[PDB]
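Below is one structure, written out as structure tokens; comments come after it.
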Amino acid sequence: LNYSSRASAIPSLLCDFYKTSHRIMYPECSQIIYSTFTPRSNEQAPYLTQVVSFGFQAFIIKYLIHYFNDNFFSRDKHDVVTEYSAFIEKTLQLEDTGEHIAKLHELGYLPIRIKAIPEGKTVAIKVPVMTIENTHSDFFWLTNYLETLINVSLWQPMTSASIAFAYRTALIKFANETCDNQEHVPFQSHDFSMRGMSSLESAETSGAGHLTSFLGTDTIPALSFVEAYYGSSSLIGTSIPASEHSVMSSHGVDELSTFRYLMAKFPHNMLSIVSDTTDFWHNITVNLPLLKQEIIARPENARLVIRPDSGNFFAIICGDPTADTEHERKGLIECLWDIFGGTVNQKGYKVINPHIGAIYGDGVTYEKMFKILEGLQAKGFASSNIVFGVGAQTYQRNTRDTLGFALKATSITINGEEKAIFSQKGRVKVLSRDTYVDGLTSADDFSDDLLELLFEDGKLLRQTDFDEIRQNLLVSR
Amino acid sequence: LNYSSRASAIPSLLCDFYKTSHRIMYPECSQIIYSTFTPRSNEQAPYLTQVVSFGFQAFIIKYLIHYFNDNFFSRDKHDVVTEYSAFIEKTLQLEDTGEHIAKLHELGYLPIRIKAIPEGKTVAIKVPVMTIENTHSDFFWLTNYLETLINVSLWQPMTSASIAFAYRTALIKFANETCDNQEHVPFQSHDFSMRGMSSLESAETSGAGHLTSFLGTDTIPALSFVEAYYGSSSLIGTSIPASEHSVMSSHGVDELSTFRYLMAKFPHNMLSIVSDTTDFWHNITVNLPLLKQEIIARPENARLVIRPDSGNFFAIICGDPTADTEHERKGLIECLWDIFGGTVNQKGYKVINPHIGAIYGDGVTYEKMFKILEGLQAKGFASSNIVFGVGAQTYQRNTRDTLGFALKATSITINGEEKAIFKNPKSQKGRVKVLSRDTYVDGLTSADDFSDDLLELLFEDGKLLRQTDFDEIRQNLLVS
Ligand SMILES: NC(=O)c1cccnc1
Ligand SMILES: NC(=O)c1cccnc1
Ligand SMILES: NC(=O)c1cccnc1
Ligand SMILES: NC(=O)c1cccnc1
């Protein structure tokens with residue numbers, strides 16, 4: 001959209017250094033490189049059984065169209081080539097005249113053709129999600145030249161999106177046993193991760209990935225990102241006012257006043273109050289009873305949400321048999337049940353008085369979330385009683401090997417002959433969610449391909465919005 | 001910095017959402033918020049015993065100066081404020097006039113004062129590396145508001161630089177035991193990580209951190225990133241021509257031909273050839289002897305470097321005693337020793353013929369690198385015989401909890417009184433002064449001394465007050 005960052009990365013050198021040397025290492029009369037992008041393995045995260053296609057549109061627009069147009073094709077040819085040549089002389093000591101860079105510049109666009117799975121659709125592990133190839137014989141080198149830029153910018157949004165989807169899967173499973181409806185699920189995983197992401201750019205694409213399965217986020221720039229590259233008719237994401245530790249302790253030690261003060265500031269909004277700044281169980285067992293009348297007086301769409309931020313994840317929410325105190329043996333959810341109202345649903349699980357709520361957002365991971373819900377189900381509490389603030393220990397603590405993303409070349413054309421290069425071999429076609437076929441030539445029939453032409457020769461050929469992406473994911477279930 | 005990328009982040013909403021609700025939550029007559037950025041623990045990575053200060057200068061310039069000048073202060077004001085109000089309107093159903101945003105805009109600069117450890121200096125775990133506060137009473141909320149952007153963009157460069165330092169420390173330690181000199185050390189950790197970083201921005205700052213201790217990198221944007229924000233007189237980074245699997249297999253299964261083809265293409269440069277596309281040990285035990293004559297004829301400055309990319313990291317390099325074949329029972333390094341020349345140095349370790357080299361860059365981690373070097377020294381091989389391609393399993397496989405980074409507010413001024421704020425569910429209180437490398441004092445007020453503070457004033461009221469270049473950073477780190 002209408003803002004801008006100053007950049008240093010040279011468009012024609014947006015790669016691993018060694019890719020500059022590959023053009024002349026290729027056989028003579030090389031014409032076409034065909035490559036595949038694949039989530040090859042989930043042994044490091046077996047709960048990720050579906051890979052959610054997400055991020056391509058943003059990547060195409062930001063880098064392949066805008067970054068190259070703004071900083072390469074728009075600039076003067078002589079300056080761009082002289083910079084490339086000069087770099088290769090200082091760093092490495094060889095004469096590269098950059099004549100291939102100039103030829104590309106004269107072309108005016110990337111002779112690149114990309115097919116990808118529609119965003120919001122999902123595929124099994126080991127199924128290709130993207131293919132790329134060059135469309136002009138002189139630029140065989142360009143396909144793999146772009147390998148570095150492709151997955152430095154795409155593996156994170158898909159891993160985030162696929163993690164979000166797996167969370168929702170677990171949350172729906174629990175709602176089917178403990179809850180009469182699933183109205184709470186779009187809000188049950190709230191993105192907390194921004195401050196712990198490795199950079200703002202990683203915060204936008206990972207946050208955007210979370211928004212494909214959930215409405216709750218604290219990463220405002222992820223909202224702005226989804227709006228700039230995808231768009232939707234309704235609100236992209238939602239959030240609530242919430243206190244932080246500095247706010248609580250700046251009000252001193254009488255937290256009974258601070259609770260009351262903060263609740264007056266947000267009379268008609270949902271409001272989270274971090275409650276462990278001084279003495280958590282004092283807040284829960286002493287001040288919450290004193291506030292009960294004021295709590296239940298607030299409108300239902302303005303519930304007070306209690307946020308612990310310390311102690312063992314399971315014991316705080318579900319309780320510790322190892323005692324000393326019953327409040328510690330019962331845990332937060334049972335304590336709120338004792339204090340405030342509640343009902344029992346058709347499925348037979350306790351639902352807390354909807355005037356009070358609870359959020360745990362302290363290093364939340366998938367197995368911690370799962371254990372907590374298993375804990376609550378065992379005590380007879382509906383899974384809708386807890387919200388999870390999901391942070392960097394979920395969305396930052398990944399690598400390209402979480403789902404095993406690799407962009408590997410699988411077919412080459414030399415002197416008019418196409419040969420498979422060595423998983424997959426040759427050109428690929430995706431038949432369903434969990435099956436694909438390879439060993440294909442460019443003459444074969446791709447009519448029934450799930451991979452959809454996306455970008456070719458500088459043009460975005462097919463555009464989606466975030467409403468379509470989210471609908472595609474509903475159907476995926 | 002003569003390029004630009006298109007941006008989506010709204011300057012005045014560039015934060016955790018709940019920070020927008022915090023301004024009206026603070027006590028009335030709040031004036032100054034003072035915060036510290038501290039690496040509190042290395043329990044998750046005990047090999048990181050020192051924190052390398054790195055990344056502040058670039059962050060200040062890119063974001064606190066350029067991004068806010070380009071996208072906020074230079075913009076309209078009515079448009080900038082209306083955008084903020086409308087967002088608050090959509091998302092909180094609350095009516096915020098955006099006056100505080102307008103007051104910021106009328107000010108023309110961030111009323112912000114920042115002290116930091118000079119870049120390249122080093123600090124013990126648990127010592128604050130940066131403090132920030134507001135310089136204008138109306139803008140207490142601004143300190144709070146910037147917490148999210150500060151560590152979304154600063155913990156990674158410091159963690160990468162701190163990892164690089166720990167690597168170099170280990171390599172120097174081994175070079176001291178096994179090697180006559182340590183000229184090999186600046187190239188022994190080569191940055192492979194770019195494709196495995198989570199974004200280009202993270203690749204730039206992590207790669208920059210790597211370049212503070214090492215010259216070898218494949219992350220071209222990390223070089224030009226260092227160029228733009230720091231500058232350097234000496235060489236920032238270097239690399240060599242090297243093949244990839246797609247190059248090898250497009251030539252087919254006759255790799256002996258391919259080797260000859262590739263080394264003919266780069267007769268006057270060092271050249272790495274990935275060697276496991278079809279049959280690794282066939283290339284090692286058959287093709288390398290057939291090429292020995294051709295290899296050793298190449299110039300000093302143009303060695304061939306063999307790149308394994310599969311198998312067990314230790315077994316490939318150091319050998320597997322349980323293995324069924326003699327070449328596998330010894331390592332790649334002993335095999336290269338048998339095939340090509342070698343000498344024994346003053347320290348008594350074998351140094352392979354410098355016409356041939358070896359690089360391992362397949363999921364390299366600090367203990368993996370360490371185990372391999374124990375492997376080679378146990379065999380009597382100098383630690384200089386191997387180069388490590390260090391990838392995303394080192395620089396992407398981190399979180400902010402690797403070094404325990406936390407940005408906490410420690411002092412608030414309310415109605416002209418400074419109060420320590422803290423939680424007791426590090427726990428600093430008040431203003432901090434770093435007395436030495438490994439010690440600081442914290443119960444301070446703004447009236448105290450602060451002479452000779454290791455945290456040195458860096459940015460104030462829109463101005464970068466103190467700037468370094470990449471040479472000073474490397475010099476500080478050498479003396480460290
Ligand atoms: N209470 C919150 O909204 C929050 C957001 C991000 C991180 N921690 C807490
Ligand atoms: N209870 C919640 O949905 C929620 C959302 C965001 C932050 N804290 C709590
Ligand atoms: N051999 C190399 O230069 C290299 C660079 C990046 C990743 N893998 C290998
Ligand atoms: N310095 C080296 O040996 C080397 C090997 C591979 C890639 N880059 C550098």
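Which value, to two decimals, describes the C-alpha radius of gyration of the range A:369-434 once divided by 2.2 N^0.38 Å?
2.09
What per residue convex hull volume, in Å³, comes out for the range A:21-96 when only alpha-carbon positions are used?
Considering the Cα atoms of the range A:21-96, their hull volume per residue is 189 Å³.
Dipole of chain B, Cα-centred, from +1 at each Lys and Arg C-beta and -1 at each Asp and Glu C-beta, to the nearest 20 debye?
Taking the Cα centre of chain B as origin, the dipole is about 620 debye.
How big is the C-alpha Rg of chain B next to the rule-of-thumb value 2.2 N^0.38 Å, as a ratio?
1.15
Explain nothing, just the number: dipole magnitude of the range B:365-464 about its Cα centre with +1 on each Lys and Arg Cβ and -1 on each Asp and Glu Cβ, in debye rounded to the nearest 20.
So the magnitude is around 700 debye.
If you place +1 on the Cβ of every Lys and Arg, -1 on the Cβ of every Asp and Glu, and leave all else neutral, what size is the dipole of the protein assembly as shown about its Cα centre, to the nearest 20 Debye?
Dipole about the Cα centre, nearest 20: 920 debye.
Could you tell me whether the protein assembly as shown comes out rounded, prolate or oblate from its Cα gyration tensor? Rule is a ≥ b ≥ c as square roots of the eigenvalues, rounded for a/c under 1.5, then prolate if a/b exceeds b/c, otherwise oblate.
Verdict is prolate for the protein assembly as shown.
What 222 nm value per residue comes from the helices of the protein assembly as shown, counting each DSSP H run with n ≥ 4 as -39,500 (n - 2.57) and dividing by all residues, nearest 500 deg cm²/dmol? The partial results should precede the final answer.
On the way: 31 runs with 319 residues, N = 957.
After summing the helix terms and dividing by residue count, I get -10000 deg cm²/dmol.
With 10 angstrom as the radius, rank B:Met197, A:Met248, B:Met158 by how many other C-beta atoms surround their C-beta, starting from the fewest.
Least crowded to most crowded, the residues run A:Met248, B:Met158, B:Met197.
Would you tally the net charge around A:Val80, using a Cβ to Cβ cut-off of less than 13 Å, leaving A:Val80 out, and scoring K and R as +1, D and E as -1?
Result for the local shell: -3.
In straight Cα distance, which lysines are under 16 Å from A:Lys77, not counting same-chain residues fewer than 8 positions off?
Within the straight-line cut-off, A:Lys77 pairs with A:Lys103.
Non-local amide H neighbours of B:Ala7 (under 5 Å, H modeled in plane, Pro and chain starts lacking H): which ones?
Amide H neighbours of B:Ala7: A:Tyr3, A:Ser4, A:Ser5.
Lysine pairs in the range A:158-395 8 or more apart or on different chains: how many have alpha carbons under 23 angstrom apart?
20
Cα atoms only: what Rg and Dmax, in Å, come out for the range B:1-154?
Cα radius of gyration and Dmax of the range B:1-154 are 17.2, 52 Å respectively.
Restricting the count to DSSP beta bridges whose residues both fall in the range B:158-395, what percent are antiparallel, rounded to a multiple of 5?
Numbers: 3 of 19 bridges.
Around 15 percent of the beta bridges assigned by DSSP in the range B:158-395 are antiparallel ones.
Would you work out which of A:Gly108, A:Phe17, A:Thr322 lies farthest towards the positive end of the dipole of the protein assembly as shown, given +1 charges on the beta-carbon of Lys and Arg and -1 on that of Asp and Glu, about the Cα centre?
Value computed over the given set: A:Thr322.
What per residue convex hull volume, in Å³, comes out for the range A:366-477 when only alpha-carbon positions are used?
Cα-based convex hull of the range A:366-477, divided per residue, equals 201 Å³.
Quick one: pull the percentage of alpha-carbon pairs in the range A:106-163 with a separation above 18 Å.
42
Could you point to the residue in A:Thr178, B:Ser137, B:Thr402 farthest towards the positive end of the protein assembly as shown's charge dipole, with +1 and -1 charges on the Cβ of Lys/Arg and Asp/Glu respectively?
About the Cα centre, the residue reaching furthest to the positive side is A:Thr178.
Using only the Cα atoms of the range A:51-93, what semi-axes does the equivalent ellipsoid have when each is the square root of 5 times a gyration tensor eigenvalue? Give whole Å, largest first.
Here the semi-axes work out to 30, 16, 4 Å.
In the calculated pair distance distribution of the range A:158-395, what percentage of Cα-Cα distances lie above 33 Å?
The proportion of pairs with Cα distances above 33 Å equals 15 percent.
Students often forget the sequence filter, so: which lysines lie under 16 Å Cα-Cα from A:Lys425 once same-chain residues fewer than 8 apart are removed?
Reachable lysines: A:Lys126, A:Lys408.
Where q = 0.12, 0.15, 0.19, 0.20 Å⁻¹, what log10 of I(q)/I(0) comes from the Debye formula for the range A:304-427, counting one point per Cα?
Normalising to I(0) and taking log10 leaves -0.55, -0.73, -1.03, -1.10.
Rank the residues A:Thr399, B:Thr445 as a footprinting-exposure proxy: fewest other Cβ atoms within 10 Å of their Cβ go first.
Taking fewest neighbouring Cβ atoms as first place, the list is B:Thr445, A:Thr399.
Please work out the FRET efficiency for the pair A:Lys292 and B:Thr82, using the Cβ-Cβ distance as r and a Förster radius of 51 Å; give the result to the nearest 0.05. Could the numbers behind the result be given before it?
Numbers: r = 41 Å, r/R0 = 0.81.
Calculated value: 0.80.
Any idea which of A:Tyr349, A:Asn385, A:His66 is furthest toward the positive side of the dipole for chain A, if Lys and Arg beta-carbons carry +1 and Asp and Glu beta-carbons -1?
Toward the positive end, the furthest listed residue is A:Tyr349.
Most exposed first by the Cβ proxy, i.e. fewest other Cβ within 10 Å, how do A:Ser41, A:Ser160 rank?
Least to most surrounded, the residues fall as A:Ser41, A:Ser160.
Where does the charge balance sit around A:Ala228 when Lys and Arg score +1, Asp and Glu -1, over other residues with C-beta under 12 Å from its C-beta?
Taking every Cβ under 12 Å from that of A:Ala228, the sum is -1.
In this analysis, Cβ positions are derived from the backbone assuming ideal geometry, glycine residues included, and neighbour counts consider all displayed protein chains. Bear in mind these aren't lab numbers, they're just calculated from the coordinates by the rules spelled out.
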